[PDB]
Amino acid sequence: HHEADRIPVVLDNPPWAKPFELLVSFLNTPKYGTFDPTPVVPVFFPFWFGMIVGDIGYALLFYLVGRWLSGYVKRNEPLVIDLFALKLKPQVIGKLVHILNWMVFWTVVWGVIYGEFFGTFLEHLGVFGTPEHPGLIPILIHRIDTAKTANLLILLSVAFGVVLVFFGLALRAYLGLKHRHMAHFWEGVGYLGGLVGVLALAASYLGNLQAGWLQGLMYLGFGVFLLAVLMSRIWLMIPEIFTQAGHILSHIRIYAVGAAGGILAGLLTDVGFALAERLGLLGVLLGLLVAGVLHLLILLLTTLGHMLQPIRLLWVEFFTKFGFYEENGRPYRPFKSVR
Amino acid sequence: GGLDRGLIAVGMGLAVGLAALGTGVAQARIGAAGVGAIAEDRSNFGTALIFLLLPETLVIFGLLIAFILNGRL
Amino acid sequence: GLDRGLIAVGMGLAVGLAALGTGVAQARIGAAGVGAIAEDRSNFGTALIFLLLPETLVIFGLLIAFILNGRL
Amino acid sequence: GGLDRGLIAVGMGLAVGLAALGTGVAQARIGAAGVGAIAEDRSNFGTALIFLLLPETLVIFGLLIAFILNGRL
Amino acid sequence: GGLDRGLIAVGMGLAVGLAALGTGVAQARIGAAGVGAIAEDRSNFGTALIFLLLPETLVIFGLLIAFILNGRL
Amino acid sequence: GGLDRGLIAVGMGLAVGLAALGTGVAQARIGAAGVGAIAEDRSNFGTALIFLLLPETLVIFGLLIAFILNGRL
Amino acid sequence: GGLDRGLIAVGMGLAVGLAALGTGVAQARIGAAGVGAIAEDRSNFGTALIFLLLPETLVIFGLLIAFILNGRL
Amino acid sequence: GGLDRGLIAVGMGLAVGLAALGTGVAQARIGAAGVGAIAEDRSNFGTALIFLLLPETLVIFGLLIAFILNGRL
Amino acid sequence: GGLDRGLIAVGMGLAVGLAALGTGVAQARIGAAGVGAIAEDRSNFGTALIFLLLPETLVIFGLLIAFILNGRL
Amino acid sequence: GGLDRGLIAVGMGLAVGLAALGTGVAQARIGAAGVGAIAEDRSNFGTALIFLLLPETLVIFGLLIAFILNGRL
Amino acid sequence: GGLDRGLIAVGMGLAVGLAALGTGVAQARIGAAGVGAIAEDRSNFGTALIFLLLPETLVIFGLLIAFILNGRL
Amino acid sequence: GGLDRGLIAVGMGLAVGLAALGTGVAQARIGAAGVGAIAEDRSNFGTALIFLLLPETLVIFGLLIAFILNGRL
Amino acid sequence: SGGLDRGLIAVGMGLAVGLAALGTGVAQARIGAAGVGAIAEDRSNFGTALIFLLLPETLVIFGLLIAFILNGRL
């Protein structure tokens, strides 16, 4: 099937994986015979959004919005906004409601691990708690105290980064081997060798307690890298490995946005609780009013970027590892009725 | 006791402020070209908003530096 | 003790830098917006949302000012 | 107290200083384009004023941060 | 006593100076467009004049914080 | 005498310097446009001069800070 | 001690801040050219994206140098 | 005798230097426009020269602050 | 004293900061011209990426300076 | 006596350097316009030379203020 | 040596930093014009690389003074 | 003596540095317009040479203040 | 102690060479921009382009010689 760009390309998935084809499709049409990333975004994207937000109250508001959109698709009329120039049909609304259903599922579970409800809530209701302040259950990971939790969280963020990167590189190497693109497999295996070398070297340079197998580990990694560069005769590979290093350490943004949003919400609710406590009996009304209004302004301000970071992480990084972009595929179109 | 607390406070503030400056200079030209593209055709709405909402990353790492230094308190 | 003053100067440089960055942003943003408004008088919503995007710098500046204020 | 009053006052002053600096850089281009529009149309005055006083709002954060340091001073 | 007074004073100076720098940065482009309209039309005097005036705000807050810090001094 | 008066002196110098910087940044652009207008018209001479003779306010406030902290000396 | 901790934290702050500023000043022109090309073409998306998202490497090494500074504690 | 003498001296230096920088920015654009006018018309000599010899007011006040601190020493 | 260590830290941080910001201001115009050429041709991509990538020099001397003072620490 | 001398010296140096900066940014545009004029006409040599050679007044006051501190040292 | 060595470290780092600054601000415009020329011709490539490889000389002298004070240890 | 013995040297270095920066700022535009004129005519080489040969008087006064400081050391 | 003087004279060295390099760099930016424009259009003004490029490193040679004269302080 190596007869050039001849074959039109169409995509199909299991029924749960169809809604994410909307997200992945509009970037580019892949070449025929190339692996498609369509099953990877269903499992990864709402997972990352869930660890990002973790706000139960905003998840409930998103569920209310989803109820509004499901009512819209039930009445089966198109939704039109002339101000923003969007006309969309009910089926796209259904695909979006599937997305937000999975979205609020992951948001809710990550929120119950991250028990903060509209920010700090344990001061008013002791269902959650700390070792300091008694409660029904302690917060499993208190994502306010950066003294101990921060290191663990950057560890999982960097772990997600590692997993995603060698998955993409292994896909690239697999395609290079299978399609007789043998040099592409060489580039991929050189990337894997260089990457394991630099990560082992960084782990030794940061927290080593003994040399052991590690010296042979990065020596083998760098040897694989320089051999793969050497016989391939292409010298562009050298700065591109620090480009990959940047792609590895680019994954801290999920923890960063989560900490920022949660601490902002906690400060807002702390202001509300302080207003309730200081003013006495009547302060709770003004405190709740101001808490709700600043909560709404901050949500319509911040929910766009929080949504953008994980899908961006899927877009720029993963699709460029295996080779999504460098050629366009011919789209599929049948000669059938317009109806 | 030493005066280290105010000095690390100066450090975090400097970090977040310069990150804010960098993304401001980015967003200026990004949004200017985005509005220029929008005024001729309204179908380019989505791409303009994604391209404007890319450069937040620098202030996100600036605040990340801010809380990792805040953990020293 | 004496460590309180440097906390305040950190407050100040943080908020001032954030304000200056959002100012240089909204300069070009609002210039393009008012041009499009003067030509259209229909792009009002798009112009206002494009102009009310970039103050995220000032709210983050107020968050940093407020956390060091609580620490003060 | 002693010397701490001096540095808190310095923070007050520089906070309002770069707040004014940033909003002035905004209002420069904003009011320049607005003056062009008012020279042409004579009917764009309301839009010009809202777009010019919209980036004047950066000085209230400066004055409230200066004020909550003034409460400590 | 002593050194803190001078520290407050240099805070005053940097406050008023930065406010002046920002507002002058504004009136540069503001008055450029203003005298363009004035030369072309000569009936734009009132609008151009108020438009050029409006950045006096930044310096009146500057002398305001100067007044407060002088009263503390 | 006193060190503190010494640091007030640096306050004076930096304050008037920033004020001069801001007003000169203004006068560059407005005077350039006014020179073009004078060269092409010559009848708007009073308007051109007065539009150049607004920006001394930023420096006379600076000299006012200079005089009050000089009295503090 | 405390003085070393504070001053190394300050060094962290300058490292991340100027890295962010450099990335942003690249990001502005890169993204502006990118959105122009996309709006005129709507097929240059992949090339515009790889050219746009590339220069974050400076922020990555800034985070790296800040992190080894943090581990030096 | 001590820090105060060199500190009032650096106050002098800041004042004169920043005044000179501001006026340099001023007659940069001023004399550019003036030289163009001289080139194309040859009769606007008086106007171009007065328009260029306004902005040394800033340096003569700066010399007044330098002189008063000189007398204070 | 830890002042030595803090000075080494601020030196390395500011060094890598200015190096990163310099290569950023280079890469801005470099990649802008590259994006223009690519949108015109789509086949000059190799020349574009080598021209855009060549300024990694400034940062790798920045990092080797940082590593040298880190080893000296 | 002693520690003051270096402070007076840095005052001298910053004064002359800033005066040089101001006159340089002036003569940049001044001589650009002048060399364009002498290119296209060849008879405006004297006018271009006096226009370029006027704005160094700043550096003569720079050496004056530096000289009076040198005498005061 | 204690604080002395850290002050040497600050010196070397700052020196190489603004050396990188100068070479970067040069190579920005240099490579922009070079990329345009290579885009329209592709036969002036050697001229483009040589004209782009003059402006790192500043980097080699900067690392030369850095190595000199490193020899001073 | 004391720390002044080095503070004077810092003054020397800062003076020559901003002097060179001012001459570079001038010589950029001067030599750019001169190069354009020379590439046009190839007859005004002496005029372009002398026009670029004015703006280093700044660095002879910079070395002048440097040498009198060295003598005062 | 006398050691701090050595450190901050070294700081003076660094800032001197740094601003000298910065000034000559902002010069060479526009200078070489115009130079390679004329070269790409003509190819025969090459020597003139190089001399016009290689005036303003006067700035960095005074920068380096002031660096050595503070170096002689030891």
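Here region M:1-46 is the region considered, the condition is being in contact with a helix residue (DSSP H, G or I) (Cβ under 7 Å, 6 or more places away or on another chain) and charged (D, E, K, R), and the residue that is nearest to residue K:60 (Cα to Cα) is M:30.
Of the residues K:31, K:6, the single one that is of a type outside the set (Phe, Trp, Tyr), crowded, with 18+ Cβ neighbours inside 10 Å and within 20 Å of residue I:21 (Cβ to Cβ) is K:31.
Right, residue K:34: closer than 29 Å to residue L:25 by Cα, part of a helix (DSSP H, G or I) and at the interface with chain M (Cβ under 7 Å from one of its Cβ atoms) or not? Criteria met by residue K:34. For region D:46-62, a residue qualifies if it is crowded, with 18+ Cβ neighbours inside 10 Å and among the hydrophobic types (A, V, I, L, M, F, W, C), and the qualifying residues are D:48, D:51, D:52, D:54, D:58, D:59, D:61. Screening residue B:44 on (1) in contact (Cβ under 8 Å) with a residue 12 or more places away in the chain; (2) in a helix (DSSP H, G or I) shows it passes everything except condition (1).
May I ask you to verify whether residue A:262 is small (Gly, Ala, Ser) and either more than 11 Å from chain B (Cβ to nearest Cβ) or under 30 Å from residue A:166 (Cα atoms) (or both)? Here the answer is no, as residue A:262 does not meet what is asked.
Filtered by the rule that a residue be more than 8 Å from chain I (Cβ to nearest Cβ), under 16 Å from residue K:17 (Cβ atoms) and in contact with a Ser or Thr (Cβ under 6 Å, 6 or more places away or on another chain), region K:38-73 gives a lone residue, K:58.
Taking residues in region G:60-73 that are assigned to a helix (DSSP H, G or I), and partners anywhere that are buried (at least 23 other Cβ atoms within 10 Å of the Cβ) and of a type in the set (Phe, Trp, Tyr), the pairs with Cβ atoms closer than 8 Å and at least 6 places apart or on different chains are G:62/B:61; G:63/B:61.
The set of residues in region A:309-339 that are more than 16 Å from residue G:45 (Cβ to Cβ) and surrounded by fewer than 18 Cβ atoms within 10 Å (Cβ to Cβ) comprises A:330, A:332, A:333, A:334, A:335, A:336, A:337, A:338, A:339. For region E:5-15, the candidate set comprises residues that are in contact (Cβ under 8 Å) with a residue 24 or more places away in the chain and not charged (D, E, K, R); within that set, the residue that is farthest from the other protein chains (Cβ to nearest Cβ) is E:12.
Scanning region M:47-57 for residues that are within 15 Å of the chain's Cα centre (by Cα), in a helix (DSSP H, G or I) and without any contact (Cβ under 8 Å) to a residue 12 or more places away in the chain yields no hits at all.
The listed residues are A:187, A:240, and the only one of them that is farther than 30 Å from residue A:143 by Cβ, acidic (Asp, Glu), in contact with a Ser or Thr (Cβ under 9 Å, 6 or more places away or on another chain) and surrounded by 14 or more Cβ atoms within 10 Å (Cβ to Cβ) turns out to be A:187. When residues in region M:9-28 are screened for being surrounded by fewer than 24 Cβ atoms within 10 Å (Cβ to Cβ) and either outside any helix (DSSP H, G or I) or polar (S, T, N, Q) (or both), 0 of them pass. Among residues of region B:16-27 that are more than 7 Å from chain C (Cβ to nearest Cβ), those with a Cβ under 7 angstrom from a residue that is of a type in the set (S, T, N, Q), sequence gap 6+ or separate chain, pair up as B:22/G:23; B:26/G:27. Across region A:96-132, the number of residues qualifying as touching a strand residue (DSSP E or B) at 6+ places or on another chain (Cβ under 7 Å), of a type in the set (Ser, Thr, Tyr) and either free of Cβ contacts under 8 Å to residues at least 12 places away in the same chain or buried (at least 16 other Cβ atoms within 10 Å of the Cβ) (or both) comes to 0.
Of all residues in region A:105-130, those that are more than 23 Å from residue A:277 (Cβ to Cβ) and assigned to a loop (DSSP other than H, G, I, E, B) total 1. Candidates A:11, A:27, A:88, A:60: the one that is surrounded by fewer than 17 Cβ atoms within 10 Å (Cβ to Cβ) and touching a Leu at 6+ places or on another chain (Cβ under 6 Å) is A:88.
When we screen A:224, A:229 for residues that are buried (at least 20 other Cβ atoms within 10 Å of the Cβ) and either out of contact with any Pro (no Cβ under 6 Å at 6 or more places or on another chain) or over 30 Å from residue A:125 (Cβ atoms) (or both), the only hit is A:229. In the condition set (1) within 14 Å of chain B (Cβ to nearest Cβ); (2) touching a residue at least 24 places away in the same chain (Cβ under 8 Å), residue A:93 is compliant with all but (1). The single residue among A:176, A:197, A:168 that is in contact with a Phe, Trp or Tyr (Cβ under 7 Å, 6 or more places away or on another chain) and touching a residue at least 60 places away in the same chain (Cβ under 8 Å) turns out to be A:168.
With ideal geometry, Cβ positions are generated from the backbone for all residues, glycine too; neighbour counts draw on all protein chains shown. No lab work stands behind these numbers, since they all come straight from the coordinates.
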